[PDB]
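To keep things clear, I will list the structure first and then write my remarks on it.
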Amino acid sequence: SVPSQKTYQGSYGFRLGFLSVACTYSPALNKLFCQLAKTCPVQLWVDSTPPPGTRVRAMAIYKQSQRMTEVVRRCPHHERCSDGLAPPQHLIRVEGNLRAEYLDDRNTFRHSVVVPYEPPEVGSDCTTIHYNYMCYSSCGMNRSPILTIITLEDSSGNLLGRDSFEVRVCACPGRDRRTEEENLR
Ligand SMILES: [Zn+2]
């Protein structure tokens, strides 16, 4: 199957926000450009606070239809060359959270990383999660574009909200964003 990428704000009005260049986001392209393994601040915005027990899942899928059923995973080189938490095959890691769970779906084999949902930090109207992408889009992904899908879920895994963004993991994020944006224009 293929995970849904349908945007769904849900009952809590859930949606994402985003902040050399380590990571840069293009609203026009709904695309995040980032360097390998670097900190990617992704913001969780809600109109109402979900209850304790709410979880936040991040999963990558291929954007292109001809590769949608394939599991996005690290290339062999990058799986070999770690915090001891993220499985070496997982593309997406969470940085700075002592409660990240790395999961593999029993039937689809897809990877995901989940952390407990936490209300906004002081001085902020959103909750920020720091993600790291462990393989380049060019490796493997081999130039195929991917989407990161973030889902807000209850403790049993039921959907509460969904949002998503394209991601390109690359050596020069700032330059590649300009290139793709100028091309859009
Ligand atoms: Zn790689």
Looking at the range 55-82, which of the residues that are assigned to a loop (DSSP other than H, G, I, E, B) and buried (at least 19 other Cβ atoms within 10 Å of the Cβ) is farthest from the ligand (Cβ to nearest atom)? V72
Six or more apart or on different chains, Cβ under 8 Å: which pairs go from a residue in the range 172-185 that's acidic (D, E) to one that's exposed (fewer than 15 other Cβ atoms within 10 Å of the Cβ)? Could you list them? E181/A28
Within the range 18-40, restricting attention to residues that are among the β-branched types (V, I, T) and within 12 Å of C170 (Cβ to Cβ), which residue is farthest from the chain's Cα centre (by Cα)? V21
Give the range 85-125 a look and list any residue that's more than 16 Å from the ligand (Cβ to nearest atom), crowded, with 17+ Cβ neighbours inside 10 Å and not polar (S, T, N, Q), or say none. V94, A100, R110, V113, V114, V115, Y117
In the range 1-54, what residues are surrounded by fewer than 19 Cβ atoms within 10 Å (Cβ to Cβ), in contact with a helix residue (DSSP H, G or I) (Cβ under 9 Å, 6 or more places away or on another chain) and among the aromatic types (F, W, Y)? none
Which of the residues that make up the range 141-173 are of a type outside the set (K, R) and surrounded by fewer than 15 Cβ atoms within 10 Å (Cβ to Cβ)? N142, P145, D154, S155, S156, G157, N158, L159, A171, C172
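Since every read-out is calculated from the coordinates, none of them should be taken as a lab result. When we count neighbours, we look across all protein chains shown, and the Cβ atoms used for this are built from the backbone with ideal geometry, even at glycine.
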